[PDB]
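Asker: Please read through the structure below; I'll follow up with questions.
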Amino acid sequence: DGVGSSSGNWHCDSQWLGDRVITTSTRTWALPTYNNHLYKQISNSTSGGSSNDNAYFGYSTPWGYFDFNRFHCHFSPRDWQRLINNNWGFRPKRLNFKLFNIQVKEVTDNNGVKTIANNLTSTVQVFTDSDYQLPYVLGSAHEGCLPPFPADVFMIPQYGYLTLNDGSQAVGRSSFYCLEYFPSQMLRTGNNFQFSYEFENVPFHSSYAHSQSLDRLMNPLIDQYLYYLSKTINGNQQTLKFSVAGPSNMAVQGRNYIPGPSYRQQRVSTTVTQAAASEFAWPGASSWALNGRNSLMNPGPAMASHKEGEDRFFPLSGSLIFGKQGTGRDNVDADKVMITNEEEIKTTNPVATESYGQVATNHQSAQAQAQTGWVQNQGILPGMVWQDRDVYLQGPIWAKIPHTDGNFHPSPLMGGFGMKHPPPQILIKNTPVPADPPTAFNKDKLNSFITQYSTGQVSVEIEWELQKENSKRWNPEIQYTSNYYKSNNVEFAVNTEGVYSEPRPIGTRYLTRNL
Amino acid sequence: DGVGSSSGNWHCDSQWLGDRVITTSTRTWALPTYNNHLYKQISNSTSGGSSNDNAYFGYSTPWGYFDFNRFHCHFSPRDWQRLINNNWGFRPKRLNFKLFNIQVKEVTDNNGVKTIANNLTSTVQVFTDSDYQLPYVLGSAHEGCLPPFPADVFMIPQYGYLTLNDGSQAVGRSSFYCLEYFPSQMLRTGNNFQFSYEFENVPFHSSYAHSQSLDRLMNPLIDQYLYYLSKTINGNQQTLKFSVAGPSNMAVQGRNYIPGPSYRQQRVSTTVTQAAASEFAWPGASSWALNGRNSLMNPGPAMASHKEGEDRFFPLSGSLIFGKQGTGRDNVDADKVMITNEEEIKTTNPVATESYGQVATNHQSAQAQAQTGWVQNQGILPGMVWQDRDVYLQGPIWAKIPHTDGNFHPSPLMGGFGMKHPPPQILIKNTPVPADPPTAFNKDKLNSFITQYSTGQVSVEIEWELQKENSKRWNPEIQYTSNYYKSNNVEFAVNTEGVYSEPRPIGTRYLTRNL
Amino acid sequence: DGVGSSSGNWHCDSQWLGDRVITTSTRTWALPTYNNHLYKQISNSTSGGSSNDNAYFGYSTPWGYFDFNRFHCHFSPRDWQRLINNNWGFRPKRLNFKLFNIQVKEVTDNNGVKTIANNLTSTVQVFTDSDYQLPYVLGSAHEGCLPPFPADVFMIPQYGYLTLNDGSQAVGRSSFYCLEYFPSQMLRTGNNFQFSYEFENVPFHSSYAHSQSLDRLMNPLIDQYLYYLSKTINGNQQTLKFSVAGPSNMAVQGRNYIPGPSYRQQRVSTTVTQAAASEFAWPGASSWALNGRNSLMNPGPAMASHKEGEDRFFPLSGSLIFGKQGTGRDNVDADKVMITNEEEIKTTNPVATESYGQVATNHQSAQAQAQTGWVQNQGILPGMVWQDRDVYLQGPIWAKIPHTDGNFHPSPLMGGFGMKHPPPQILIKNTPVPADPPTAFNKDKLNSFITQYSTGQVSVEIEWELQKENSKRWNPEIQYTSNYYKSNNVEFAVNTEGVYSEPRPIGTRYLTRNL
């Protein structure tokens with residue numbers, strides 16, 4: 001429109017209908033100039049990397065991008081509490097995104113002092129990768145998302161991508177992408193940008209915990225009409241004896257379904273005053289290999305974090321680890337991080353730090369005793385049932401399913417909704433503004449630009465579909481609740497210095513339903 | 001429109017339809033003040049020139065101009081690869097040009113420090129020479145075109161022209177052109193400029209290499225019904241003998257068509273550790289004379305660069321020479337330049353460094369032996385066929401056919417499409433903004449102006465018509481392909497410092513068709 | 001239709017309308033099995049060739065082809081005489097082609113005796129290269145055309161083609177064509193094949209001889225209003241004198257047009273009892289070079305064979321040479337061949353065995369005498385006029401213009417009509433009939449086939465457009481006529497052994513018109 005007219009209003013609210021909840025969040029953003037308007041080839045050689053497992057090749061772009069792939073970007077703690085305490089499931093339906101109130105500033109430094117002024121004629125470029133023609137980086141748990149607290153002003157993360165690499169070198173199959181080779185809208189201070197997105201059909205997330213275990217689905221009062229081998233020797237003559245499988249021996253009863261797959265993780269205890277044989281963080285970790293590179297199995301298949309009563313143990317890399325407010329980047333203590341756990345899925349999923357089971361490994365005879373072997377990793381078998389990893393308030397929402405010939409249960413392993421066509425990447429960049437050029441023609445590209453940055457507001461609205469609970473359970477359910485006991489600060493609030501903090505990870509599985 | 005509203009969006013994409021491909025490219029430009037708003041007479045005396053062959057007379061104008069007469073200004077390397085690997089020919093059809101997001105800046109210097117601010121009321125003037133009333137400088141391979149990389153910001157080249165000269169002096173027939181004597185649109189920051197152009201009908205460029213040679217078009221299994229003189233002496237009595245021309249002697253068979261014209265070039269070898277008799281760059285070069293001035297025959301008629309297996313040789317000035325990224329201007333080594341070759345046209349065109357053939361020079365008799373002479377230059381003859389010079393990704397696209405009474409095959413010798421009415425010149429200039437004038441009237445023209453420069457975006461869209469291939473060839477064709485082998489950088493990409501480079505010239509002739 | 005019903009009738013006649021003549025010719029053909037149903041790579045190595053100029057690479061196909069690219073295939077001698085004596089020009093208009101009365105025979109050999117029987121169920125495959133996707137071999141004066149005498153039964157020539165070669169080896173750009181990769185009609189004994197073709201617009205062939213010479217177009221009674229330099233020295237003072245160019249000095253008169261191009265040929269005399277300095281057939285011949293291979297300039301540009309009264313001389317390779325009936329293939333005497341001549345075009349074209357003219361080679365002065373040099377080869381110049389090579393009764397009719405970017409006056413140098421889309425190649429092959437296969441499966445391709453050949457009739461009808469003469473010449477014209485004087489045999493008739501012979505080549509240029 002014009003310089004003196006706002007291009008949008010501040011929309012931040014949650015609307016709770018019967019089977020739907022609509023979340024709207026608005027944030028103020030700041031966008032600097034990245035790479036001084038240049039594309040730069042990057043690799044482990046440029047960053048000084050040495051290990052083969054961490055070698056990479058890619059490019060850093062002068063473009064930023066908007067990321068809102070975390071639940072706290074849309075749900076307040078109270079809204080999250082309502083959702084998890086009142087619904088058996090939820091899933092995103094549609095998306096509305098807006099950019100408005102664009103403000104481009106120029107920075108001039110004379111001597112140790114910088115002056116900031118408006119540049120009303122400068123432009124900011126925004127486009128969406130609706131055709132998914134660029135590498136998708138929103139499927140990784142990267143920082144730079146919209147802040148959970150609406151009053152926080154955030155910096156737009158720089159967009160970068162990786163391609164095929166051989167050490168620090170590239171190959172002929174490696175791809176280079178120029179983001180200026182895409183049509184993009186150019187916005188001055190009076191312009192705004194908006195688009196709508198429809199989520200593809202995804203299953204409802206399981207925001208419930210099973211009230212029954214897979215091995216306890218039988219009637220505890222009635223025998224089965226099936227027999228099991230109860231005795232082999234009479235007291236070395238072979239005397240086979242069979243007995244009815246009933247309530248007194250539930251472990252041997254016939255069952256129609258079995259627990260889901262497993263990929264065993266090393267067990268680590270958080271208890272203080274403990275000794276360790278050696279440094280086993282990398283050496284003792286479960287991993288998978290691709291083209292000679294070892295990658296940590298993290299978080300891996302959805303498995304129960306620990307057995308009943310063993311909350312002190314957690315899988316080495318089988319759980320999401322969040323950092324508390326103010327936590328450092330490198331080598332922080334256990335009390336500075338928040339270790340999530342998936343104990344709710346112990347009713348259907350195997351324990352992460354235990355073998356799946358035992359399998360016969362020979363043919364027993366009068367000369368050879370029957371032998372069994374531990375199954376540390378078990379693939380998918382017919383009749384298996386399992387629960388996917390729970391999602392969290394500060395955890396990811398969705399991920400892009402890789403474009404491959406085949407996949408199985410493409411639920412993101414870090415939690416969330418897997419989609420072939422997720423919300424498109426939204427890329428933003430400040431248009432370069434050259435400084436005064438020389439009065440004589442020079443064919444070289446200009447490298448002198450006016451120092452600029454941009455700021456504005458961003459709004460994203462997502463409609464969520466709800467799956468209401470119809471339980472006939474008589475006794476009250478477990479519910480997420482704040483603790484009344486006095487404390488120096490209110491949980492999920494600001495401190496005396498105005499710092500917002502999330503004191504604990506919040507799952508979604510508090511209500512119960514039968515298996 | 002207004003100060004705070006963008007006057008255009010960033011359009012940069014390629015759309016591939018069945019028989020048509022539409023290329024759109026957008027770039028950011030910077031325009032300084034040229035000649036301090038003055039017209040200046042220029043000549044070899046003003047530049048210090050001494051040689052008669054390089055003497056000139058002309059004028060330098062305060063106007064800039066937009067040039068997009070190179071293929072890489074519109075085709076990405078991948079689009080170029082698709083075009084050359086999937087089409088037998090192509091030609092431009094229509095043009096769309098846009099100027100928008102005009103930003104005029106003022107520069108003020110206090111003491112060793114410059115401050116840049118917007119001048120919202122200043123104007124930039126743009127007009128197109130649709131009537132071709134000004135000297136056409138886009139027909140020369142000049143620098144200053146739109147960069148191949150969309151992210152590069154480029155400086156608008158200054159417009160200049162030459163007229164008739166006698167040494168460093170002019171004649172009465174010399175013409176002086178004032179570009180302010182043309183109607184031009186004046187644009188503030190809110191205005192935009194656009195026009196459309198239709199290419200005149202031109203033949204499709206030959207993006208194929210012949211799979212047959214002109215001297216091997218006969219049936220290799222059947223004799224001709226024609227005879228040739230096979231013997232003259234019986235072993236000095238004259239005994240004429242005649243024989244059937246057949247597969248065993250293909251060189252003497254009658255043929256309906258002959259190779260095209262030639263203008264022999266000196267042969268230069270790129271092999272290291274070679275000796276030269278003397279400095280023959282100018283003395284040994286082929287040249288043509290006009291009004292007592294010698295001009296290098298460069299690149300001259302389209303001829304085969306070298307014979308089969310002689311890739312080390314190139315004509316002295318018969319091939320286009322491109323410079324690698326970062327190559328200097330004067331006296332660079334051979335490894336700093338890219339020498340193009342036209343070996344694909346060896347099937348119809350004579351070798352550039354060889355004579356066209358031999359012609360009889362006397363009447364043989366019992367006293368005089370038959371004599372022949374080498375034909376170093378051969379003009380057009382009836383029955384001649386030839387292929388024009390190939391075009392390249394970084395090479396020129398079109399040229400203006402000189403307005404003369406007669407011409408023959410007006411295909412530009414540097415490669416491309418010859419047109420009587422090519423895309424018009426687009427001239428741009430910053431309107432002078434006088435400084436504070438004196439409070440007392442002075443009749444002299446003002447010479448104190450506010451230091452200004454302008455910047456903005458430029459978009460050009462060209463629709464290309466495609467000629468699909470309908471070959472019945474069984475074996476696979478030759479195709480342009482990247483090499484998979486590992487390298488420090490990806491070809492046609494940016495370096496670790498963000499520098500875009502084109503590692504090799506890319507022709508168009510990979511597919512094959514019969515002759 | 002059926003075995004016992006003819007699929008076509010014998011049509012052989014000429015119909016003379018006012019401005020059109022329709023020629024129909026029917027012949028009986030025989031088609032054997034070529035290459036034993038195989039495709040074979042051929043080269044100068046396979047044929048034992050050694051010279052670089054005769055090196056080639058190509059393939060021989062099991063397919064035959066129909067060729068009617070000679071005038072005597074359609075015109076009887078009487079029809080040719082009428083055409084040449086009554087018309088100033090002619091050109092083909094449309095074509096009708098038919099194959100019918102297919103008869104496939106099987107040959108069985110027991111011991112030194114062969115038995116031939118019908119194979120009613122076998123098929124013959126025919127298709128036309130209407131899209132010109134195969135190498136065109138009809139543009140060379142190859143044998144195997146329809147016989148001039150309707151009663152002669154002819155053998156279908158085998159189809160072969162050449163591709164790019166380096167010595168006896170091929171390159172990646174070389175193409176291999178499989179003719180079974182084309183849709184073709186399969187014909188049993190009851191089936192027939194036919195198609196129609198329309199000739200593209202071509203100029204009328206010049207079947208006239210000019211009654212005026214290019215240097216004698218002025219009025220012999222009136223002076224010009226132009227002056228020429230008549231004297232330089234007064235008897236070494238320079239005294240320029242000028243005179244009117246008039247009838248007394250026609251050589252110095254100004255002229256608007258000049259004779260056509262030239263490429264000088266060595267002069268050879270047919271007179272007996274003559275001595276030669278050395279063997280100059282190849283060494284003294286005019287030639288053109290392509291990719292290091294020398295090809296004889298044959299027949300080269302259309303030039304006058306000899307000066308007036310010098311019929312004994314002929315250019316070394318500038319004239320078509322036909323062989324008399326029964327003439328051998330290698331090293332035959334002059335009386336066994338028929339040397340054509342182009343003396344009719346001496347009025348506009350330069351003599352083949354003479355220089356085009358003289359050109360100044362220096363600047364005359366008081367110290368240096370004026371110097372001139374002979375022009376042995378002269379390219380096209382503005383104002384040039386020329387006549388193309390005459391066509392003959394036994395000579396070629398048309399040729400395919402090579403698909404190239406440029407050509408000049410694409411009239412075939414051997415004579416005839418040049419067309420981008422000439423009559424398509426008609427390819428025919430006997431379908432292989434395997435012998436008894438083994439009773440156990442073998443994956444190798446079958447190599448045991450029933451010996452077969454096919455025979456039938458072929459009819460081609462061509463409509464020719466005529467250009468009637470409207471001369472006002474008073475005296476009778478020169479006409480082609482038979483000689484009444486008694487002879488043992490009638491010219492253009494059969495001998496006592498039934499052998500048909502053509503005793504002389506017949507041109508088309510007997511009538512006259514002004515220049």
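Residue names in the structure tokens use chain letters A, B, ... in the order shown, residue numbers from 1 in each chain, and ligand numbers from 1 in the order shown.
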Tell me, as a PDB file with C-alpha atoms, in the first residue's frame, which residues lie within 6 Å of segment 179-194 of chain C, counting only C-alpha atoms; anything in the same chain fewer than 5 positions away does not count.

Answerer:
```
ATOM      1  CA  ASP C   1      -5.787 -60.388 -54.144  1.00  0.00           C
ATOM      2  CA  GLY C   2      -5.111 -64.017 -55.032  1.00  0.00           C
ATOM      3  CA  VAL C   3      -2.494 -66.347 -56.458  1.00  0.00           C
ATOM      4  CA  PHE C  97       5.050 -45.563 -58.547  1.00  0.00           C
ATOM      5  CA  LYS C  98       3.721 -49.128 -58.535  1.00  0.00           C
ATOM      6  CA  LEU C  99       4.974 -52.592 -57.599  1.00  0.00           C
ATOM      7  CA  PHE C 100       2.841 -55.542 -58.681  1.00  0.00           C
ATOM      8  CA  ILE C 102       5.138 -60.218 -57.054  1.00  0.00           C
ATOM      9  CA  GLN C 103       6.632 -63.679 -57.615  1.00  0.00           C
ATOM     10  CA  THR C 123       6.616 -62.201 -48.515  1.00  0.00           C
ATOM     11  CA  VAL C 124       8.573 -59.235 -49.866  1.00  0.00           C
ATOM     12  CA  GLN C 125       8.912 -56.042 -47.821  1.00  0.00           C
ATOM     13  CA  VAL C 126       8.790 -52.563 -49.376  1.00  0.00           C
ATOM     14  CA  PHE C 127       8.803 -49.099 -47.818  1.00  0.00           C
TER      15      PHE C 127
END
```

Asker: List the neighbours of segment 249-254 of chain B out to 8 Å using only C-alpha atoms; skip same-chain residues closer than 3 positions along the sequence, and give me the result as a short mmCIF file (atom, residue, chain, number, x, y, z; two decimals) with N, CA and C atoms, in the first residue's frame.

Answerer:
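Output file selection_8.cif is given in full below:
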```cif
data_model
loop_
_atom_site.label_atom_id
_atom_site.label_comp_id
_atom_site.auth_asym_id
_atom_site.auth_seq_id
_atom_site.Cartn_x
_atom_site.Cartn_y
_atom_site.Cartn_z
N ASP B 215 32.09 -35.94 -49.20
CA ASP B 215 32.78 -36.78 -50.17
C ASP B 215 32.45 -38.26 -50.01
N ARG B 216 31.52 -38.61 -49.13
CA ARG B 216 31.14 -40.00 -48.87
C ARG B 216 29.63 -40.16 -48.86
N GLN B 224 29.49 -46.21 -60.39
CA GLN B 224 28.83 -45.16 -61.15
C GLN B 224 28.78 -45.54 -62.63
N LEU B 226 29.55 -43.39 -64.81
CA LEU B 226 30.43 -42.37 -65.37
C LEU B 226 31.87 -42.86 -65.36
N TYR B 228 36.18 -41.87 -65.70
CA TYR B 228 37.19 -40.86 -65.41
C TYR B 228 38.48 -41.23 -66.13
N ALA B 245 34.34 -45.19 -62.26
CA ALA B 245 34.50 -44.70 -60.90
C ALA B 245 33.60 -45.51 -59.98
N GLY B 246 34.20 -46.22 -59.02
CA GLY B 246 33.46 -47.09 -58.15
C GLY B 246 33.92 -47.02 -56.70
N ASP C 53 42.75 -40.96 -49.36
CA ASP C 53 41.70 -40.29 -50.12
C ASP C 53 40.52 -41.20 -50.41
N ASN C 54 40.72 -42.52 -50.41
CA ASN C 54 39.66 -43.48 -50.71
C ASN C 54 39.21 -44.26 -49.48
N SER C 140 23.90 -39.90 -56.47
CA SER C 140 25.13 -40.26 -57.15
C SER C 140 24.79 -41.03 -58.42
N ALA C 141 25.61 -40.86 -59.45
CA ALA C 141 25.36 -41.51 -60.73
C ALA C 141 25.71 -43.00 -60.66
N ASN C 294 41.53 -35.56 -50.31
CA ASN C 294 41.43 -34.88 -51.59
C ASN C 294 40.41 -35.60 -52.47
N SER C 295 39.46 -34.84 -52.99
CA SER C 295 38.44 -35.37 -53.89
C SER C 295 38.51 -34.64 -55.22
N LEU C 296 38.43 -35.40 -56.31
CA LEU C 296 38.53 -34.83 -57.64
C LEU C 296 37.38 -33.86 -57.90
N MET C 297 37.72 -32.69 -58.43
CA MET C 297 36.70 -31.73 -58.86
C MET C 297 36.05 -32.28 -60.12
N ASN C 298 34.94 -33.00 -59.95
CA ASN C 298 34.32 -33.71 -61.05
C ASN C 298 32.80 -33.75 -60.87
N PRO C 299 32.04 -33.15 -61.79
CA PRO C 299 32.48 -32.43 -62.99
C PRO C 299 32.78 -30.96 -62.71
N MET C 414 26.41 -32.44 -61.56
CA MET C 414 26.35 -33.42 -62.64
C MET C 414 25.17 -33.20 -63.57
#
```

Asker: Between B:317, B:369, B:411, B:265, which one has atoms that come closest to residue 352 of chain B, using only C-alpha atoms?

Answerer: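 Closest to residue 352 of chain B of all the choices is B:265.
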
Asker: Which residues of segment 155-239 of chain A come within 12 Å of segment 399-402 of chain A, and for each one, what is the closest pair of atoms and their distance in Å to one decimal, counting only C-alpha atoms, sorted by chain and residue number, as a tab-separated table?

Answerer:
```
residue	atom	partner	partner_atom	distance
A:199	CA	A:400	CA	11.9
A:200	CA	A:400	CA	11.5
A:202	CA	A:399	CA	11.8
```

Asker: Store the residues picked out above in a file with N, CA, C and O atoms, as an mmCIF file, in the first residue's frame.

Answerer:
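Resulting contents of selection39.cif:
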```cif
data_model
loop_
_atom_site.group_PDB
_atom_site.id
_atom_site.type_symbol
_atom_site.label_atom_id
_atom_site.label_comp_id
_atom_site.auth_asym_id
_atom_site.auth_seq_id
_atom_site.Cartn_x
_atom_site.Cartn_y
_atom_site.Cartn_z
ATOM 1 N N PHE A 199 -2.664 -29.382 4.403
ATOM 2 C CA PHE A 199 -1.940 -30.578 4.808
ATOM 3 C C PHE A 199 -2.528 -31.809 4.132
ATOM 4 O O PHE A 199 -3.749 -31.967 4.042
ATOM 5 N N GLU A 200 -1.653 -32.686 3.647
ATOM 6 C CA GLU A 200 -2.121 -33.951 3.111
ATOM 7 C C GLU A 200 -2.594 -34.853 4.248
ATOM 8 O O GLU A 200 -2.207 -34.689 5.408
ATOM 9 N N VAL A 202 -3.034 -37.315 6.990
ATOM 10 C CA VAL A 202 -2.103 -38.026 7.862
ATOM 11 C C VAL A 202 -2.893 -38.659 9.000
ATOM 12 O O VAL A 202 -3.976 -38.166 9.349
#
```

Asker: Hey, which of B:110, B:470, B:96, B:262 ends up closest to chain A? Count only C-alpha atoms.

Answerer: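 Nearest candidate to chain A out of B:110, B:470, B:96, B:262: B:110.
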
Asker: Based on DSSP run over this structure's backbone, return all residues of segment 114-325 of chain C in strand (DSSP E), as a ChimeraX atom specification.

Answerer: /C:114-118,124-128,153-155,158-163,165-166,169-170,185-187,193-198,205-206,208-210,227-233,238-244,258-259,262-263,267-269,287-290,293-296,313-315,321-323

Asker: Produce a file of the selected residues containing C-alpha atoms, as a tab-separated table (two decimals), in the first residue's frame.

Answerer:
```
chain	number	residue	atom	x	y	z
C	114	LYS	CA	19.20	-76.42	-59.07
C	115	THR	CA	15.39	-76.64	-59.02
C	116	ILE	CA	13.26	-73.48	-58.88
C	117	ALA	CA	9.71	-73.53	-57.53
C	118	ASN	CA	7.17	-71.00	-56.30
C	124	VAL	CA	8.57	-59.24	-49.87
C	125	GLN	CA	8.91	-56.04	-47.82
C	126	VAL	CA	8.79	-52.56	-49.38
C	127	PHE	CA	8.80	-49.10	-47.82
C	128	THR	CA	9.61	-45.54	-48.87
C	153	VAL	CA	15.07	-57.39	-67.24
C	154	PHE	CA	17.25	-55.77	-64.59
C	155	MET	CA	18.69	-56.74	-61.21
C	158	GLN	CA	21.95	-53.59	-53.17
C	159	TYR	CA	21.51	-50.68	-50.75
C	160	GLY	CA	24.55	-49.45	-48.87
C	161	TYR	CA	25.57	-46.27	-47.11
C	162	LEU	CA	28.63	-44.55	-45.65
C	163	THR	CA	29.13	-42.66	-42.40
C	165	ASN	CA	35.30	-42.40	-40.89
C	166	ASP	CA	38.85	-41.96	-39.59
C	169	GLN	CA	37.85	-46.86	-38.27
C	170	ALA	CA	34.64	-45.18	-37.13
C	185	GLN	CA	4.43	-53.29	-46.19
C	186	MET	CA	4.75	-57.05	-46.58
C	187	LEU	CA	3.52	-58.38	-49.93
C	193	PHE	CA	2.40	-51.57	-53.61
C	194	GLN	CA	1.94	-48.00	-54.83
C	195	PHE	CA	2.49	-44.42	-53.73
C	196	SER	CA	2.36	-40.91	-55.19
C	197	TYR	CA	4.95	-38.14	-54.93
C	198	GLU	CA	4.77	-34.43	-55.76
C	205	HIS	CA	15.90	-26.81	-67.20
C	206	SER	CA	17.53	-24.73	-69.93
C	208	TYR	CA	18.15	-23.96	-75.28
C	209	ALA	CA	21.44	-22.54	-76.51
C	210	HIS	CA	21.96	-18.78	-76.46
C	227	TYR	CA	35.01	6.86	-72.53
C	228	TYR	CA	37.93	4.48	-71.96
C	229	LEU	CA	41.63	5.08	-71.40
C	230	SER	CA	43.13	4.59	-74.87
C	231	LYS	CA	46.72	5.82	-74.46
C	232	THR	CA	49.16	6.29	-71.58
C	233	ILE	CA	52.47	7.40	-73.15
C	238	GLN	CA	52.53	10.43	-68.89
C	239	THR	CA	49.92	11.71	-71.36
C	240	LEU	CA	46.46	10.28	-70.69
C	241	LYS	CA	44.22	9.96	-73.75
C	242	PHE	CA	40.57	8.90	-73.81
C	243	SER	CA	38.37	7.67	-76.65
C	244	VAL	CA	34.74	6.75	-77.22
C	258	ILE	CA	30.07	-10.59	-66.63
C	259	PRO	CA	30.58	-14.33	-67.20
C	262	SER	CA	35.32	-20.74	-63.02
C	263	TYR	CA	37.59	-23.43	-61.58
C	267	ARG	CA	43.26	-29.62	-70.95
C	268	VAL	CA	43.42	-33.08	-72.55
C	269	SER	CA	43.33	-33.75	-76.30
C	287	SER	CA	40.61	-31.13	-56.68
C	288	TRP	CA	39.12	-29.94	-53.40
C	289	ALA	CA	40.13	-31.05	-49.92
C	290	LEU	CA	37.84	-32.00	-47.03
C	293	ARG	CA	41.02	-36.01	-47.99
C	294	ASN	CA	41.43	-34.88	-51.59
C	295	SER	CA	38.44	-35.37	-53.89
C	296	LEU	CA	38.53	-34.83	-57.64
C	313	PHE	CA	40.09	-30.80	-76.31
C	314	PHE	CA	38.11	-31.68	-73.18
C	315	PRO	CA	38.62	-30.80	-69.51
C	321	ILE	CA	31.91	-39.48	-69.50
C	322	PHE	CA	29.51	-42.24	-70.54
C	323	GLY	CA	30.52	-45.73	-71.60
```

Asker: At what distance in Å, to one decimal, does atom CA of residue 32 of chain B lie from atom CA of residue 450 of chain B?

Answerer: 12.1 Å

Asker: I'd like the neighbourhood of segment 91-93 of chain C as a ChimeraX atom specification, where a residue qualifies if any of its atoms comes within 12 Å (using only C-alpha atoms), though same-chain residues fewer than 6 positions away should be ignored.

Answerer: /C:19-23,69,71,74,83,196-207,391,397-398,416-419,422-423,461-467

Asker: Would you mind telling me which residue in A:247, A:410, A:261, A:505 lies nearest to residue 385 of chain A when using only C-alpha atoms?

Answerer: A:261

Asker: Skip residue 149 of chain C itself and residues of its chain fewer than 2 positions away, then list as a ChimeraX atom specification all residues within 12 Å of it, counting only C-alpha atoms.

Answerer: /C:12,25-28,72-77,145-147,151-154,394,492-494,498-502

Asker: Find the spatial neighbours of residue 217 of chain A, counting only C-alpha atoms, within a cut-off of 10 Å - ignore same-chain residues fewer than 2 positions away - and output them as a ChimeraX atom specification.

Answerer: /A:212-215,219-220,250,255,514-515
